[PDB]
Amino acid sequence: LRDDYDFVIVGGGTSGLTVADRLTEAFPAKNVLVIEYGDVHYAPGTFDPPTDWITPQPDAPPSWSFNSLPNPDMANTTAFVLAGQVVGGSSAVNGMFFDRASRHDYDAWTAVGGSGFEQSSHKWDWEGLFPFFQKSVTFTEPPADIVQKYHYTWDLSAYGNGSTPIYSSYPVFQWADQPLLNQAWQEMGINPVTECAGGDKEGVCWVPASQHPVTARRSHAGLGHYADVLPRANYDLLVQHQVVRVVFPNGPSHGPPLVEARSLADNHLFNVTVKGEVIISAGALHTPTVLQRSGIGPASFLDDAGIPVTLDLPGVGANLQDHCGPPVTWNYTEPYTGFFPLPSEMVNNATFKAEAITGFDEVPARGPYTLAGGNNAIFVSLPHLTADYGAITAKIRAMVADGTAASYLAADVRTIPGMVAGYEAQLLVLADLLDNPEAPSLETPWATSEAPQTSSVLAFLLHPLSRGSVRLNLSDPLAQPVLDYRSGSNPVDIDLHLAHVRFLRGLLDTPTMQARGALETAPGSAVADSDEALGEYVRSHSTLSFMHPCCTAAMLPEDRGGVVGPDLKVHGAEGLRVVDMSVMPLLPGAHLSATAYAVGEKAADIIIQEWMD
Ligand SMILES: Cc1cc2nc3c(=O)[nH]c(=O)nc-3n(C[C@H](O)[C@H](O)[C@H](O)COP(=O)(O)OP(=O)(O)OC[C@H]3O[C@@H](n4cnc5c(N)ncnc54)[C@H](O)[C@@H]3O)c2cc1C
Ligand SMILES: *[C@@H]1O[C@H](CO)[C@@H](O[C@@H]2O[C@H](CO)[C@@H](O[C@@H]3O[C@H](CO)[C@@H](O)[C@H](O)[C@@H]3O)[C@H](O)[C@H]2NC(C)=O)[C@H](O)[C@H]1NC(C)=O
Ligand SMILES: *[C@@H]1O[C@H](CO)[C@@H](O[C@@H]2O[C@H](CO)[C@@H](O)[C@H](O)[C@H]2NC(C)=O)[C@H](O)[C@H]1NC(C)=O
Ligand SMILES: *[C@@H]1O[C@H](CO)[C@@H](O)[C@H](O)[C@H]1NC(C)=O
Ligand SMILES: [Ca+2]
């Protein structure tokens with residue numbers, strides 16, 4: 001471990017390793033150090049040997065497990081959330097669903113920053129982010145036989161001729177009843193989309209897997225941004241170390257700070273000297289933890305924590321958002337026939353599963369295990385799924401106009417004019433986005449419809465108005481934070497859930513599902529028809545997290561509660577940036593990992609262009 005470094009990156013995760021990669025290749029004379037809580041682990045993909053249709057990988061890398069506080073507005077249910085504890089971060093333990101949000105979701109970032117963000121040239125709208133999306137991954141056309149078998153569609157214009165060893169691929173396998181819902185979504189008027197990673201994604205979407213096109217092995221940041229670029233002499237990595245905080249010897253206006261690190265083996269604490277900048281990429285859950293212990297956070301929490309205030313930025317750990325939603329479930333009253341193979345074949349058929357195990361080891365990889373978690377989702381806009389009803393967005397706009405919107409934030413947040421102002425800007429922008437018929441409001445993925453385990457649809461609330469907190473355990477500040485999800489704390493989220501579930505129920509009415517005798521098992525017509533009963537149902541049967549927590553160090557002006565500018569520097573701190581999913585101001589209508597790379601690539605480009613002064 002060297003005397004000093006030019007760059008320290010806190011967290012060897014998805015964004016952090018892509019930043020560390022791009023910095024070391026651009027500045028061969030500058031030394032980068034990545035400090036990682038975890039270690040290097042082989043990363044099994046989703047549904048790899050010897051699992052059954054979606055069982056846990058026996059040799060999975062380590063992760064943090066989180067149980068949030070009870071969410072009273074969702075029947076006190078707890079949210080269960082994971083975070084990868086490994087070189088590669090969460091992308092090493094992903095479900096590998098590798099989509100991007102619509103162009104309008106990222107346009108929303110620029111709009112929510114407002115004019116306070118406009119004397120910078122770093123635009124995080126679609127036009128400013130799309131080139132880095134193309135840079136971030138290499139996509140590969142599937143074989144022709146696989147195309148004519150499963151009917152993948154795509155448009156290479158969405159990917160360009162990028163060549164970064166982070167792979168987006170379509171498996172050479174699908175379950176045999178994959179076309180079932182595909183046909184039924186079209187009978188609901190949801191239309192096929194040829195390519196959904198090129199910004200235009202409302203309709204029925206093919207989504208790729210973050211995995212190698214030949215071997216089907218998981219692609220994560222630890223390979224593509226770390227292992228695959230070594231040897232590289234200025235690219236250092238320190239494992240089994242927890243970065244405690246950053247310290248400014250002469251205050252935050254004289255930087256970069258020192259990185260105070262704790263060795264997880266022996267608890268030995270030390271400091272790393274930084275010449276250039278410190279980049280924090282500890283993730284949406286842990287970046288707030290690193291800045292809070294650095295005295296960079298809500299002044300009142302920091303006082304209650306016995307931590308001296310270095311920067312009073314109440315956005316640190318605030319504005320927590322995640323994807324969540326309740327299900328619609330059915331059985332079949334006729335036998336589920338004519339499909340081979342279905343997922344149950346893995347548990348019914350030793351021959352078939354033995355072959356799947358060995359098919360995965362052939363070159364190229366073959367059979368069921370080349371599949372990750374599935375490659376399909378609908379993304380339906382609020383106008384489309386409700387027949388242009390303006391009730392929800394009127395409620396949002398009114399709730400800002402009358403000033404009651406603030407009441408839905410936490411009691412130590414609604415009192416802060418900065419936070420109310422930024423929450424209000426979010427809601428109006430979200431109100432506009434949910435009025436855009438090309439902007440997804442509901443996501444529903446599927447790969448099979450075999451009953452009973454996969455005869456269900458989930459109603460992903462893509463753009464929640466509720467907001468939560470990531471805060472230090474005050475008993476053990478170095479332990480994992482407390483997550484207060486406050487799911488459903490803004491009531492428009494419940495209205496969205498009812499609209500989404502009620503749209504989804506139409507699935508069972510489709511000729512395709514009626515041919516199969518699909519019989520609704522939950523919520524049922526009785527519940528669905530009662531705003532009070534369906535409300536009760538979404539509040540107690542929703543999954544509170546699909547493991548996409550974000551926006552705890554939002555890219556917003558300080559007066560709107562943000563923590564970083566559009567250059568991703570922490571407001572009021574020189575030589576200190578954040579680059580991970582905590583910087584998004586609004587949660588995107590997508591799974592986050594592809595965005596995490598794109599954010600890493602653009603943040604690296606920003607950092608590079610300035611250090612070539
Ligand atoms: C179970 C699960 C499944 C998912 N499935 C999908 C999916 O199918 N599709 C999708 O698009 N997204 C998915 N995601 C989410 C997506 O992968 C993440 O949002 C994204 O990878 C996060 O990137 P990041 O760089 O912000 O964080 P991470 O990649 O998690 O990076 C944080 C890193 O910092 C390290 N760290 C934490 N604290 C410290 C500290 N104090 N000092 C040093 N290092 C520290 C962590 O160990 C980790 O390496 C999933 C997430 C989970 C948890
Ligand atoms: C990492 O670097 C920081 C910055 O140098 C170290 O923090 C500094 O620690 C010194 C202790 O040597 C603190 O000074 C102390 O102040 C109290 C009262 O103010 C006084 O009673 C002590 O005698 C001593 O002078 C100093 O405040 C502190 N600096 C900051 C900005 O917090 C930190 O210890 C280093 N960490 C490790 C593990 O080396
Ligand atoms: C158990 O699974 C194996 C698949 O590995 C089945 O064997 C295949 O059956 C299909 C018929 O759907 C044929 O097209 C293939 O030629 C067979 N391949 C091999 C390698 O056997 C087998 O039929 C399954 N058993 C049952 C009872 O369904
Ligand atoms: C939430 O917390 C506790 C449950 O043990 C109780 O205070 C409250 O009634 C709970 N709310 C609901 C709706 O269950
Ligand atoms: Ca697999």
# chains A, B, ... in the order shown; residues from 1 in each chain; ligands from 1
call {"tool": "closest_atom_pairs", "arguments": {"of": "chain A", "to": "ligand 4", "cutoff": "6 Å", "atoms": "only C-alpha atoms and all ligand atoms", "output": "Markdown table"}}
result
| residue | atom | partner | partner_atom_place_in_ligand_line | distance |
| --- | --- | --- | --- | --- |
| A:72 | CA | ligand 4 | 1 (C) | 4.7 |
| A:75 | CA | ligand 4 | 13 (C) | 4.2 |
| A:76 | CA | ligand 4 | 1 (C) | 4.6 |
call {"tool": "residues_around", "arguments": {"residues": "residue 66 of chain A", "least_positions_apart": "4", "cutoff": "10 Å", "atoms": "only C-alpha atoms", "output": "short mmCIF file (atom, residue, chain, number, x, y, z; two decimals) with N, CA, C and O atoms, in the first residue's frame"}}
result
data_model
loop_
_atom_site.label_atom_id
_atom_site.label_comp_id
_atom_site.auth_asym_id
_atom_site.auth_seq_id
_atom_site.Cartn_x
_atom_site.Cartn_y
_atom_site.Cartn_z
N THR A 78 -41.95 -5.08 6.61
CA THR A 78 -40.56 -4.67 6.46
C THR A 78 -40.15 -4.84 5.00
O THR A 78 -40.69 -5.68 4.28
N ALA A 79 -39.21 -4.01 4.56
CA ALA A 79 -38.56 -4.21 3.27
C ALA A 79 -37.31 -5.06 3.48
O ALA A 79 -36.57 -4.85 4.45
N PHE A 80 -37.11 -6.03 2.60
CA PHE A 80 -35.92 -6.87 2.61
C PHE A 80 -35.04 -6.49 1.41
O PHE A 80 -35.47 -6.61 0.26
N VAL A 81 -33.81 -6.03 1.70
CA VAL A 81 -32.91 -5.42 0.72
C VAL A 81 -31.53 -6.04 0.84
O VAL A 81 -31.04 -6.30 1.95
N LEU A 82 -30.88 -6.24 -0.30
CA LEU A 82 -29.54 -6.78 -0.35
C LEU A 82 -28.58 -5.77 -0.96
O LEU A 82 -28.98 -4.83 -1.65
N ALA A 83 -27.29 -5.96 -0.68
CA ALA A 83 -26.22 -5.20 -1.31
C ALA A 83 -25.01 -6.11 -1.43
O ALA A 83 -24.64 -6.78 -0.45
N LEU A 285 -26.91 2.52 -0.37
CA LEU A 285 -27.10 2.28 1.04
C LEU A 285 -25.90 2.71 1.88
O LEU A 285 -26.08 3.07 3.05
N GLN A 480 -24.01 -1.85 9.57
CA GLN A 480 -24.81 -1.42 8.44
C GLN A 480 -25.88 -0.42 8.89
O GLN A 480 -26.36 -0.47 10.02
N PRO A 481 -26.26 0.52 8.02
CA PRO A 481 -27.19 1.58 8.43
C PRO A 481 -28.57 1.03 8.74
O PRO A 481 -28.89 -0.14 8.48
N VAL A 482 -29.39 1.89 9.33
CA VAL A 482 -30.82 1.63 9.47
C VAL A 482 -31.51 2.18 8.24
O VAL A 482 -31.26 3.32 7.83
N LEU A 483 -32.36 1.37 7.61
CA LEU A 483 -33.14 1.82 6.47
C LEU A 483 -34.57 2.08 6.94
O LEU A 483 -35.24 1.17 7.43
#
call {"tool": "closest_atom_pairs", "arguments": {"of": "chain A", "to": "ligand 5", "cutoff": "12 Å", "atoms": "only C-alpha atoms and all ligand atoms", "output": "CSV"}}
result
residue,atom,partner,partner_atom_place_in_ligand_line,distance
A:43,CA,ligand 5,1 (Ca),11.2
A:44,CA,ligand 5,1 (Ca),8.0
A:45,CA,ligand 5,1 (Ca),5.2
A:46,CA,ligand 5,1 (Ca),4.7
A:47,CA,ligand 5,1 (Ca),4.1
A:48,CA,ligand 5,1 (Ca),4.1
A:49,CA,ligand 5,1 (Ca),7.6
A:50,CA,ligand 5,1 (Ca),9.9
A:51,CA,ligand 5,1 (Ca),9.1
A:52,CA,ligand 5,1 (Ca),10.3
A:53,CA,ligand 5,1 (Ca),9.8
A:54,CA,ligand 5,1 (Ca),9.5
A:55,CA,ligand 5,1 (Ca),11.1
A:56,CA,ligand 5,1 (Ca),11.5
A:57,CA,ligand 5,1 (Ca),10.2
A:94,CA,ligand 5,1 (Ca),11.5
A:95,CA,ligand 5,1 (Ca),9.5
A:96,CA,ligand 5,1 (Ca),9.2
A:97,CA,ligand 5,1 (Ca),11.4
A:169,CA,ligand 5,1 (Ca),11.8
A:170,CA,ligand 5,1 (Ca),11.1
A:171,CA,ligand 5,1 (Ca),8.4
A:172,CA,ligand 5,1 (Ca),10.5
A:173,CA,ligand 5,1 (Ca),9.6
A:174,CA,ligand 5,1 (Ca),10.9
A:209,CA,ligand 5,1 (Ca),9.1
A:210,CA,ligand 5,1 (Ca),10.3
A:211,CA,ligand 5,1 (Ca),8.7
A:212,CA,ligand 5,1 (Ca),10.6
A:213,CA,ligand 5,1 (Ca),11.9
A:215,CA,ligand 5,1 (Ca),10.0
A:216,CA,ligand 5,1 (Ca),6.8
A:217,CA,ligand 5,1 (Ca),7.4
A:218,CA,ligand 5,1 (Ca),7.9
A:219,CA,ligand 5,1 (Ca),11.3
A:356,CA,ligand 5,1 (Ca),10.2
A:357,CA,ligand 5,1 (Ca),10.4
A:359,CA,ligand 5,1 (Ca),11.3
A:360,CA,ligand 5,1 (Ca),8.4
A:361,CA,ligand 5,1 (Ca),11.5
A:365,CA,ligand 5,1 (Ca),9.9
A:366,CA,ligand 5,1 (Ca),10.2
A:367,CA,ligand 5,1 (Ca),9.2
A:368,CA,ligand 5,1 (Ca),7.2
A:369,CA,ligand 5,1 (Ca),4.0
A:370,CA,ligand 5,1 (Ca),4.5
A:371,CA,ligand 5,1 (Ca),4.4
A:372,CA,ligand 5,1 (Ca),4.1
A:373,CA,ligand 5,1 (Ca),7.4
A:374,CA,ligand 5,1 (Ca),9.4
A:375,CA,ligand 5,1 (Ca),11.7
call {"tool": "select_by_dssp", "arguments": {"residues": "segment 21-259 of chain A", "states": "helix (DSSP H, G or I)", "output": "PyMOL selection string"}}
result
chain A and resi 21-26+72-74+89-92+103-113+115-117+126-136+144-150+156-158+178-187+221-229
call {"tool": "residues_around", "arguments": {"residues": "residue 325 of chain A", "least_positions_apart": "3", "cutoff": "7 Å", "atoms": "only C-alpha atoms", "output": "VMD selection string"}}
result
chain A and resid 458 to 461 497 542 to 544
call {"tool": "residues_around", "arguments": {"residues": "residue 249 of chain A", "least_positions_apart": "3", "cutoff": "8 Å", "atoms": "only C-alpha atoms", "output": "JSON, numbers by chain"}}
result
{"A": [254, 257, 258]}
call {"tool": "residues_near_ligand", "arguments": {"ligand": "ligand 1", "cutoff": "7 Å", "atoms": "only C-alpha atoms and all ligand atoms", "output": "mmCIF file with C-alpha atoms, in the first residue's frame"}}
result
data_model
loop_
_atom_site.group_PDB
_atom_site.id
_atom_site.type_symbol
_atom_site.label_atom_id
_atom_site.label_comp_id
_atom_site.auth_asym_id
_atom_site.auth_seq_id
_atom_site.Cartn_x
_atom_site.Cartn_y
_atom_site.Cartn_z
ATOM 1 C CA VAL A 10 -14.426 4.101 -1.828
ATOM 2 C CA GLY A 11 -16.274 0.933 -2.844
ATOM 3 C CA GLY A 12 -15.259 -1.600 -5.495
ATOM 4 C CA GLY A 13 -18.772 -1.821 -6.866
ATOM 5 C CA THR A 14 -20.545 -1.157 -10.117
ATOM 6 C CA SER A 15 -19.973 2.572 -10.631
ATOM 7 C CA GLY A 16 -16.766 2.713 -8.588
ATOM 8 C CA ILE A 35 -10.929 0.395 -1.052
ATOM 9 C CA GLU A 36 -13.465 -2.445 -0.904
ATOM 10 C CA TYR A 37 -15.327 -3.825 2.115
ATOM 11 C CA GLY A 38 -15.521 -7.270 0.478
ATOM 12 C CA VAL A 81 -32.911 -5.421 0.719
ATOM 13 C CA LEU A 82 -29.538 -6.775 -0.354
ATOM 14 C CA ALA A 83 -26.224 -5.197 -1.306
ATOM 15 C CA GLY A 84 -23.269 -7.011 -2.820
ATOM 16 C CA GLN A 85 -20.312 -7.317 -0.433
ATOM 17 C CA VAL A 86 -17.707 -8.221 -3.012
ATOM 18 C CA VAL A 87 -15.420 -6.813 -5.692
ATOM 19 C CA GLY A 88 -18.012 -5.864 -8.297
ATOM 20 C CA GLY A 89 -20.598 -4.769 -5.757
ATOM 21 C CA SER A 90 -24.224 -5.502 -6.416
ATOM 22 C CA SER A 91 -23.603 -6.266 -10.113
ATOM 23 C CA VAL A 93 -25.028 -10.572 -7.094
ATOM 24 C CA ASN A 94 -27.664 -9.017 -9.432
ATOM 25 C CA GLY A 95 -30.577 -10.775 -11.034
ATOM 26 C CA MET A 96 -28.866 -9.628 -14.262
ATOM 27 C CA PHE A 97 -31.950 -7.980 -15.859
ATOM 28 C CA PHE A 98 -30.110 -5.450 -17.989
ATOM 29 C CA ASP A 99 -32.518 -2.753 -19.194
ATOM 30 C CA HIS A 241 -11.358 -2.769 4.392
ATOM 31 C CA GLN A 242 -14.177 -0.459 5.470
ATOM 32 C CA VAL A 243 -13.662 3.184 4.585
ATOM 33 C CA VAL A 244 -14.891 4.888 7.746
ATOM 34 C CA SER A 281 -19.094 4.684 -4.618
ATOM 35 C CA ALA A 282 -20.182 2.763 -1.536
ATOM 36 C CA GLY A 283 -23.684 2.440 -3.032
ATOM 37 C CA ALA A 284 -27.080 3.948 -2.344
ATOM 38 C CA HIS A 286 -23.512 2.931 2.183
ATOM 39 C CA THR A 287 -22.397 6.196 0.567
ATOM 40 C CA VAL A 290 -19.569 7.159 4.627
ATOM 41 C CA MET A 547 -33.402 -4.207 -4.569
ATOM 42 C CA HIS A 548 -33.047 -0.910 -6.476
ATOM 43 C CA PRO A 549 -32.506 1.644 -3.673
ATOM 44 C CA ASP A 580 -22.958 5.420 -7.654
ATOM 45 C CA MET A 581 -26.703 4.975 -7.675
ATOM 46 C CA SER A 582 -27.144 7.344 -4.771
ATOM 47 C CA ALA A 590 -35.624 0.411 -15.072
ATOM 48 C CA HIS A 591 -33.424 -1.969 -13.221
ATOM 49 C CA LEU A 592 -30.460 0.078 -12.090
ATOM 50 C CA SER A 593 -27.264 -1.733 -13.102
ATOM 51 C CA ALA A 594 -26.993 -0.527 -16.711
ATOM 52 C CA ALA A 596 -24.880 2.434 -12.750
#
